[PDB]
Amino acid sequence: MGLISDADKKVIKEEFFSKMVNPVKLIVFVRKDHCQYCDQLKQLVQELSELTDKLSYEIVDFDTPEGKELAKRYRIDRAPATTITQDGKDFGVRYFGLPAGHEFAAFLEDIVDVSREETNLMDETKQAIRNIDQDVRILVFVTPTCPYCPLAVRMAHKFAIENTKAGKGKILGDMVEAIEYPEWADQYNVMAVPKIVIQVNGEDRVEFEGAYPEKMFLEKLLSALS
């Protein structure tokens, strides 16, 4: 039932989904082993798609040969994962795990921006991001209780949307819910969050902790591109 209260539904419809333009499809990858919150993720996306005719979803079994083929196409290497697409078009906007806590609002805002295919990034930032031609993966490790984590996840996602808009689609912005991916978090000594890891061509280049303002965050990414 109410993973989303009826009062919440009204707010979501009025303050978020009323701003949608193009149809968005939530492609969710799940599996049978080690998916503690997979059912919650499943029901969340289903309840959200009932609030508007511009939102749809597709549940994919990562364990199947079919799911593996789809994942590869969407550059997904783990499950649970959700990529927010514009009618199936990959925008590099992904969430690994459950978007709980204030990550929920970031999830909704991401849906709107992919739908609008634009962001509120500063002009200078947009110019730089749209010029990036290298494969970049931005991992943003977060925990459910983290006031500033959403800012970092949204920044990574705005970068991905703009690069996709430019026709490159080379930036992957990945929110990673640490509680659900302990081995991955441990790999990067994640304690304080948000912890950001920028990889270029599959190799680590820059790692830092904290939600940095737009200008400083951009600077970090550009420096990793050296």
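In this text, residue numbers run from 1 along the sequence as written.
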Test of understanding: from the entry's C-alpha B-factors, which stretch has the higher mean, 214-222 or 11-19?
214-222
Between 197-205 and 29-37, point out the one with the higher average CA B-factor as the PDB entry records it.
29-37
Of the options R137, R94, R73, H102, which has the highest CA B factor as deposited?
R73
For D77, the third of its chain into which the C-alpha B factor falls
highest
Lowest, middle or highest third - CA B-factor, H157:
lowest
Would you mind ranking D90 by its C-alpha B-factor against the rest of the chain and naming the third, lowest, middle or highest?
middle
Lowest, middle or highest third: where is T119 by C-alpha B factor in its chain?
middle
Based on the entry's values, in what third of the chain does the Cα temperature factor of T143 lie: lowest, middle or highest?
middle
